[PDB]
Asks: 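This is the structure I want to talk about, given as structure tokens.
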Amino acid sequence: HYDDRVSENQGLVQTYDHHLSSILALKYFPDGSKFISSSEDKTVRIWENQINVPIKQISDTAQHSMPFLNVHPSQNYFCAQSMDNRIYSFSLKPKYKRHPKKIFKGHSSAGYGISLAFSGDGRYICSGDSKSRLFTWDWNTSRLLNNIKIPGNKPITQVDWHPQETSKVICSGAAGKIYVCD
Amino acid sequence: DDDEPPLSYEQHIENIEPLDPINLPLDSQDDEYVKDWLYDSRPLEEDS
Amino acid sequence: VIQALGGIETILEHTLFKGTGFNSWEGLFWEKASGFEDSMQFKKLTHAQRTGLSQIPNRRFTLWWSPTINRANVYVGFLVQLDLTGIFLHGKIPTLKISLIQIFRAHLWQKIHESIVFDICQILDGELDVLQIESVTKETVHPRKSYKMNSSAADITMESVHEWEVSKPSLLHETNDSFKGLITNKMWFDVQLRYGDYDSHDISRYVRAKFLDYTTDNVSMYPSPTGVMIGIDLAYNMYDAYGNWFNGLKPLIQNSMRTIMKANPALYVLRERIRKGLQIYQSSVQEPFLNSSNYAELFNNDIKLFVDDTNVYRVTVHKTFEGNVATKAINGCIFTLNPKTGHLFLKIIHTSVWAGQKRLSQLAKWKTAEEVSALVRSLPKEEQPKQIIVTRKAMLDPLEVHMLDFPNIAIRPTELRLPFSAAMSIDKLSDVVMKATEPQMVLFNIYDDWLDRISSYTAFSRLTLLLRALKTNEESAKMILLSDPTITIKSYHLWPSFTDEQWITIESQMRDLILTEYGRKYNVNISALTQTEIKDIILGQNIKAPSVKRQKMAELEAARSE
Amino acid sequence: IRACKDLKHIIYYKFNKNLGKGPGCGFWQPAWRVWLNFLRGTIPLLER
Amino acid sequence: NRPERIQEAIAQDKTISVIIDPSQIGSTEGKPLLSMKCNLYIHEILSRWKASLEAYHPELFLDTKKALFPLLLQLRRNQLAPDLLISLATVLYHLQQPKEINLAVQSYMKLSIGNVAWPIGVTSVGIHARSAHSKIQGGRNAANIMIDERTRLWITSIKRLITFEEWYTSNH
Amino acid sequence: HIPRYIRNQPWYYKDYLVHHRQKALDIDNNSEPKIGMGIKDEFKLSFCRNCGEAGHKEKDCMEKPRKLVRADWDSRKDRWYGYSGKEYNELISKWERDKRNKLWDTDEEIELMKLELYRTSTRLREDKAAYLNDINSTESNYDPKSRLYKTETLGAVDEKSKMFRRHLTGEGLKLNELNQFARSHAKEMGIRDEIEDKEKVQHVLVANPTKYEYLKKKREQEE
Amino acid sequence: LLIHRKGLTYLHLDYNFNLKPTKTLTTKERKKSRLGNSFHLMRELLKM
RNA sequence: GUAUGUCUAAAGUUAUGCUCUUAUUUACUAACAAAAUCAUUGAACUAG
Ligand SMILES: O=P(O)(O)O[C@H]1[C@H](OP(=O)(O)O)[C@@H](OP(=O)(O)O)[C@H](OP(=O)(O)O)[C@@H](OP(=O)(O)O)[C@H]1OP(=O)(O)O
Ligand SMILES: [Zn+2]
């Protein structure tokens, strides 16, 4: 943790060290009081700003490592792309338990750091796919509504949904070119 | 001492003149036959 | 059977009794009904942990008879020196070994040696003109010298202004030494510690033997062939000296060794540890603990510090991969407060302190004592505290050992249960402690600026109410403190900038929260209690303590008066 | 070890008849023999 | 010529000011100037204690000067190690500010004890020996207050100076 | 209390424990540190065919064949038993023979002028332990346990309970007097003690510190 | 040389043939450095 | 508290109904914790 205003030690104001393997993803809470972290150690941890103590630890026998993290527009839940080709969801309120029903399945992502995004209104969730496609699911029922094929025949690791447009999404990956879907 | 390394014979012992051994003073007449050789390392070794 | 064994005298000669310093054999009341193993037998323990509890009483028994169990007159037995001590075990006896290790733990043997050496140095430092000493030098001996039992070195060397007419080597109490003849300009002192046994405990022959052996030995060690060999037998509380004497030195060493043996605190620590190892106790308290009856002494002009270890070792619990829950250490702090000025020396105990260590509950007490010692050494003599108030019994022994380097600092226990543990409820202190990235000392005035308007005892009482309230119910106490959003807590402050008129209302709300929750929890009618009982509730006075009895009489005598 | 203790007993009481207690008996030949015979049997054991 | 060089040095000493700057603290190139500036500010404090000797602990002044002598000598010679100079300079800097006495005392605690995990260390505190205990024994890894008795003497004299500056600034 | 089997005295004997008081070890004053017992290297004092002297046979003779004695484990093991200075005299003669056989640098001067002048152990050498001042006396002021150094200036012994009480100084007196003030105020306001009044909590000093301090500060101007 | 070939550098053999650890050993180091009677008997003979 | 196991991540470059908010119940785990009746004493101590 750095604070560019501080010149001491180049601004390194805090170090979090409870993870045991390479960090995979980082994501702040919308209010910036806490942040989420994922690691190759197969655990997810929640931290208070500048305090080297994880307030929550998310780990399970069947839980795979989560290469990507994002927060739902409502600020009530966060989602994690998992190596088991699934997307899980977790509450953003104390104890942060895993949501037993909001699980999105269908795409392929094992072996790739594939990002996931939410529609501007939070009505939908979407993600890339290792076989050059863009999946999209309904946020309420988690039902897969579409899987658009993206040119280039390469993994589409980058996906983002426009914060104001009703349906414009951008994606890219190993093909190099950036594509817009609508 | 446990920390003291064994002394070098040629540097610390070989040059010091040895002290007297335990030799009971023999009588010139009562020990005439033994006096000249009793305390040798191998008494009479050279006497054929 | 007592008569057949030769009476109490003969029986006790086989025991460690003389080393305990206990006054009389009559007071030898063994606490046959309490001990650690008695507290442990009910707990959730594994079969291994239960079988291991029997070692404790066996250790006590072995320690009591240790002078006989480790006697020198044995049929066979290679001498094995016990680590960090000058004790030799004539055989491998694990139960004895471990009990002796428990007594000499925290490097006590080396501390005793240095303490006595410093005492002799400090005495000689005042006799420069009387004894015609040009200078006194405390030698930079090898770190293990105090338990190097086959050779030695001078601990102290003194240079004369002119020269001294020294007698032949003689015992400390030998009368009429001839000072004529031998003359020397440099004299040395060597303090030898030993641990006698039932066969070998004649300290006089020991000191003579050490003096003659080390002076005649071919080793280059002493700066001159003239000096004094001082010997102390730790197992038998015996002392003697042998060496050259000059006019006036012998009487001085006789008087000083008698005083050092009686008053030196390191030897006292050794005696108390032996008694603890035996579970024998004597009521030897000369000054009363800090109590609700004498707490006004806190505000005396003498410098004093409260020390609280409660937050030194702190842990968070998390689920392990195996399915258990593991404790992980987090940042802690040592609460050191001067109640007169309000200066709080908050030592942040960063997690890196515990890296790779186990048995942290124990190590944290030693860490607290070590940081207190570092703080004291960081203060100039005129600023060092005259007394340190130990809020928890667990800290007494570690601090007593670490304070052997500061023999003028009185250690004072307390009968109070002061709420300093609730200091981590103060948002600013919690923040500073939890965000620290390295070991650090942070200073705060726990009274902020109240001292410009109220007395120190008033500030301490206000602080006590705020802390005891936070300890009683943190959320409702915080609700009281933050009841008005206009009263901003300034920077460089811990509490809101209330005026004293507002402080009276805050104190009333805190007081009521504390007393109503106490009355509810214990079903005590606060209205029936006496003024002193209410005081004892806010201060947390131990109701079982004798001071409550004596204070009751100190007021019922007035109830007789008029 | 017992043999040497026994030898010391018989040796000292012969040696000290009109001398009393204290160091000075240097008749090491019998105990020395005891240890040489110990080595005779210890040799094959330690070699193996 | 000893008196000539001495008077020239006592004169040259006045060509620089004692005011410390937070950016100068820790400058490798400016280290000699900061070291001299620190020595000079210490002398300034001592001159004010000399000016108030009969009102504030006269018996301690002599011992304080005798203890500060090795520090001042090393500062003149720029021999004081970088870490020690940075700490000392931080103390004197806070001491020069209008009302930062507590910050000066915190910086002094950083100078004396510092950030070492075990300022003094502990040896065999229990009956269960472990290899890890060798680390916490301290020794060479101890705090600055443990380097040697001369260092403790001058460091605590600096503390005594902070206490004097507090007394002086409050009465005057 | 002492058990019956200790208190009871064997018939052959006849203090209540006199049979066990015979008491080197002193079971009655075991707290006193003991000086060494001193060194006493004491010594005591048919015709033989070989030497003529009577009392031994030929084989036991100390004369070559022809034609004082020593008086505790430590005593027996002392390798210096019977020593009379020989080894130390030799050492001293050797040392006596070898004895007979054989500025400031401007920086220091400028600093001394400006000052008007002319690992390691934790203990401070100049910080003399208080008990070291009492070596020339029999009484002990220093408590080795608490490290308290008793003085008439610091406090006084109560004698009734043998405890030592620190005198009150400065703000300590102020608090003790404020304590008295609140206590009187309790009797004054009528809350008193025997009466189970709810208002009592309002008149406890520690429970109402700022109130009573300001209240005394007020009344002090009226006295 | 035997001690060092086994990697037991944490065991120091004194010049009087005492064998002591130079630090507190881990349980694995203790198990690995558990020398047998042949070594210890040889060492005691060298000590004598 | 152990045995014991695992980790240590640049470079020293090999050529191309079903949920949620939240107040509880129950179980398991915690060498975390000096807990106020029954002249001040469980107290640093227990492991296959
Ligand atoms: O214990 P004691 O009955 O008094 O006998 C001792 C003892 O010999 P033992 O115990 O083996 O019989 C000594 O041996 P250590 O205790 O030292 O092992 C020995 O002295 P040494 O060391 O020279 O062997 C000494 O002999 P001395 O007559 O010279 O005193 C001898 O005494 P006694 O056998 O004459 O009683
Ligand atoms: Zn004869």
Side-chain angles (χ1 to χ4, degrees), chain C residues 8-9 12-13 18 21-25 73 118 122-123 169 173 199-200 202-205 209 212 216 225 237-238 240 255-256 259 261 263 265 268 286-288 296-297 299-301 377 381 405 407-408 410-411 454-458 461-462 500 503-504 507 511 527-528 530-531 534-535 538, chain F residues 10 20 22-23 25 27-28 30-31 33-39 73-74 78 80 87-88 91-92 95 121-123 127-132 134-136 140 142-148 163-164 166 168-172 174-176 186 193 196-198 200-201 204 206-207 209-211 213:
Chain C
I8 304 297
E9 308 86 336
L12 293 181
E13 285 171 330
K18 206 182 177 181
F22 215 84
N23 179 53
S24 172
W25 71 277
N73 192 109
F118 267 112
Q122 287 183 344
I123 286 154
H173 265 51
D199 294 309
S200 191
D202 185 342
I203 189 61
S204 78
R205 285 185 179 286
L212 298 176
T216 65
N237 193 38
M238 276 164 61
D240 209 346
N255 275 352
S256 57
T259 294
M261 288 292 295
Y268 190 92
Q286 302 196 348
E287 176 197 59
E297 295 167 3
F299 313 105
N300 281 357
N301 206 15
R377 195 171 155 83
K381 189 159 67 84
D405 296 311
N408 291 319
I411 309 303
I454 57 156
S455 301
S456 179
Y457 51 82
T458 306
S461 301
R462 179 184 294 168
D500 285 317
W503 275 120
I504 293 169
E507 284 166 19
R511 170 202 77 199
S527 83
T530 294
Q531 298 274 106
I534 299 168
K535 201 214 310 183
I538 291 80
Chain F
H20 294 305
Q22 203 155 31
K23 62 69 174 176
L25 179 66
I27 69 169
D28 297 325
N30 182 73
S31 299
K34 284 292 205 185
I35 183 66
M37 301 293 282
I39 299 173
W73 163 276
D74 284 324
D78 188 0
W80 297 99
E87 311 308 322
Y88 187 78
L91 173 67
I92 283 296
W95 173 71
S121 187
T122 320
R123 182 157 175 189
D127 185 18
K128 179 186 280 187
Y131 58 87
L132 304 175
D134 291 323
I135 64 174
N136 292 315
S140 58
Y142 189 78
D143 173 28
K145 201 285 190 293
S146 67
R147 303 98 191 265
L148 172 66
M163 292 289 128
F164 174 92
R166 303 175 91 91
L168 293 171
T169 66
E171 282 179 290
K174 273 78 194 302
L175 175 59
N176 193 70
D193 189 16
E196 301 86 349
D197 194 0
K198 190 187 299 290
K200 192 178 293 165
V201 167
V204 176
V206 177
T210 302
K211 182 174 287 193
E213 176 141 78

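Because only heavy atoms are used, hydrogens play no part in the values below, and waters and symmetry mates are left out as well, while side chains stay in. To find a chain, count down the sequence lines: A is the first, B the second, and so on, and within it residues start at 1.
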Asks: Does a side-chain heavy-atom distance below 4.5 Å link F:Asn30 with C:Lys18?
Replies: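 With C-beta onward as the side chain, the pair touches.
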Asks: Please give me the minimum heavy-atom distance between C:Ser200 and F:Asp74, naming the atom from each residue.
Replies: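 Reported closest heavy-atom pair: OG-OD1, 2.7 Å.
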Asks: Could you check if a side-chain atom of C:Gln122 sits within less than 4.5 angstrom of a side-chain atom of F:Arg123, using non-hydrogen atoms only?
Replies: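 C:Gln122 vs F:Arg123: side chains touch.
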Asks: Is a side-chain donor or acceptor of C:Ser461 paired with a backbone partner of F:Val206 at a separation under 3.5 angstrom?
Replies: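 No: the side chain of C:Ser461 does not pair with the backbone of F:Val206.
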Asks: Before accepting this row, confirm whether a basic side-chain N of the pair C:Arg205/F:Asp78 lies closer than 4.0 Å to the acidic partner's carboxylate O.
Replies: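 Counted as a salt bridge, because a side-chain N and a carboxylate O are separated by less than 4.0 Å.
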Asks: What's the separation between atom OG1 in C:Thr458 and atom CD in F:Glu171, rounded to the nearest 0.5 Å?
Replies: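 Interatomic distance, C:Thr458 OG1 to F:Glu171 CD, rounded to 0.5 Å: 8.0 Å.
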Asks: Side chains of C:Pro265 and F:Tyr131: does their closest heavy-atom pair fall under 4.5 Å?
Replies: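 Contact flag for C:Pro265/F:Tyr131 side chains = yes.
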Asks: Quick check: closest heavy atoms across F:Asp28 and C:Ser24, and the distance to 0.1 Å?
Replies: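 Heavy-atom minimum between the residues: O-CB, 4.3 Å.
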Asks: Can you tell me if CE on F:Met37 sees more than 12 non-hydrogen neighbours from other groups inside 6.0 Å?
Replies: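 Open: at most 12 neighbouring heavy atoms sit under 6.0 Å from CE of F:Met37.
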Asks: Does the side chain of C:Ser455 reach to within under 4.5 Å of the side chain of F:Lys174, using non-hydrogen atoms?
Replies: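 When only atoms from C-beta onward are counted, F:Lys174 and C:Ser455 do not touch, as no gap falls below 4.5 Å.
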Asks: Of all of C:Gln286, C:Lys381, C:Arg462, C:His173, which one pairs up most often with chain F through heavy atoms under 4.5 Å apart?
Replies: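 Maximum pair count with chain F is reached by C:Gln286.
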Asks: Go through the steps for F:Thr210 and C:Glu507 under the test side chain to side chain donor-acceptor pair (under 3.5 Å), then give the verdict.
Replies: CA-CA 8 Å; F:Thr210 302; C:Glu507 284 166 19; 2.8 Å; yes
Asks: For chain F, find which of C:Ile454, C:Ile538, C:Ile411 contributes the most heavy-atom pairs closer than 4.5 angstrom.
Replies: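 Greatest number of close heavy-atom pairs with chain F: C:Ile411.
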Asks: With distance as the sole test, does F:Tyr88 use its side chain to make a donor-acceptor pair with the main-chain N or O of C:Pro225 at under 3.5 Å?
Replies: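 Checking the backbone N and O of C:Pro225 against the side chain of F:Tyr88, a donor-acceptor pair under 3.5 Å is found.
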Asks: Using every non-hydrogen atom in the two residues, find where C:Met261 and F:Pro33 come nearest and quote the distance to one decimal.
Replies: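 In this case the closest contact between C:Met261 and F:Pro33 is CB-CB, 3.6 Å.
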Asks: Keeping the roles fixed (side chain from C:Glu13, backbone from F:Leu25), state whether a donor-acceptor pair exists under 3.5 Å.
Replies: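 Answer holds: no.
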Asks: Contact part of F:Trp80 toward chain C, heavy-atom cut-off under 4.5 Å: side chain, backbone, both or neither?
Replies: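 Interface part for F:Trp80: both.
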Asks: For F:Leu91, which atoms come within 4.5 Å of any heavy atom of chain C: side chain, backbone, both, or neither?
Replies: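 Only the side chain of F:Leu91 comes within 4.5 Å of chain C.
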Asks: Between chain F and each of C:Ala296, C:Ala263, C:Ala528, count heavy-atom pairs under 4.5 Å; write down the option with the most.
Replies: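 The residue among C:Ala296, C:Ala263, C:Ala528 with the greatest pair count is C:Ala263.
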Asks: Find out whether F:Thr169 and C:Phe299 are in side-chain contact, i.e. whether some heavy atom of one side chain is under 4.5 Å from a heavy atom of the other.
Replies: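 No. Closest side-chain heavy atoms not under 4.5 Å.
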Asks: In terms of heavy-atom pairs under 4.5 Å, which option from F:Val201, F:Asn176, F:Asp134 contacts chain C the most?
Replies: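 It is F:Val201.
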Asks: Quick one: closest heavy-atom pair of F:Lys211 and C:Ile504, and the distance?
Replies: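 Between these two residues, the closest heavy atoms are CE-CG2, 3.6 Å.
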Asks: Looking at C:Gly21 and F:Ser31, what are the two nearest heavy atoms and their distance?
Replies: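 What the structure gives for the nearest pair is O-OG, 2.7 Å.
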Asks: Strictly below 4.0 Å, N to O, side chains only: are F:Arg166 and C:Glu287 in salt-bridge contact?
Replies: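 Judged by the 4.0 Å cut-off on N to carboxylate O distance, F:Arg166 and C:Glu287 do form a salt bridge.
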Asks: Would you find more than 12 non-hydrogen atoms of other residues, nucleotides or ligands less than 6.0 Å from C:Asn73 atom CG?
Replies: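 Check passes, neighbour count above 12.
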Asks: Report which part of F:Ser140 has an atom under 4.5 Å of a heavy atom belonging to chain C: side chain, backbone, both, or neither.
Replies: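 No part of it gets close to chain C.
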Asks: Would a distance-only check, ignoring hydrogens and angles, find a side-chain to backbone donor-acceptor pair under 3.5 Å from C:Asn408 to F:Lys128?
Replies: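 Indeed, once roles are kept as given, a pair shorter than 3.5 Å links the two residues.
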Asks: Name the option with the most non-hydrogen atom pairs under 4.5 Å to chain C; the candidates are F:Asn136, F:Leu148, F:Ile92, F:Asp127.
Replies: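 Looking at each option in turn, the highest pair count goes to F:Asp127.
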Asks: Quick check on F:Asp197 against chain C: is it the side chain, the backbone, both or neither that has a heavy atom closer than 4.5 Å?
Replies: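 F:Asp197 touches chain C through backbone heavy atoms alone.
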Asks: What distance do C:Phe118 atom CZ and F:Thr122 atom OG1 have between them, rounded to the nearest 0.5 Å?
Replies: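 So the CZ of C:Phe118 and the OG1 of F:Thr122 are separated by 8.5 Å.
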Asks: Relative to chain C, which of F:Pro209, F:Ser121, F:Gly36 shows the most heavy atom pairs under 4.5 Å?
Replies: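 Of F:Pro209, F:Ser121, F:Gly36, F:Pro209 has the most heavy-atom pairs under 4.5 Å with chain C.
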Asks: Any heavy-atom pair between the side chains of C:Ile534 and F:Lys200 that's under 4.5 Å?
Replies: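 In short, these two side chains touch, coming nearer than 4.5 Å.
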Asks: Could you tell me whether the side chain of F:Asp193 and the main chain of C:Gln531 form a donor-acceptor pair under 3.5 Å?
Replies: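 Not at all, since once roles are kept as given, no pair shorter than 3.5 Å links the two residues.
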Asks: Can you say whether C:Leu212 sits under 4.5 Å from chain F via the side chain, the backbone, both, or neither, judging by heavy atoms?
Replies: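 For C:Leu212, backbone and side chain are both near chain F.
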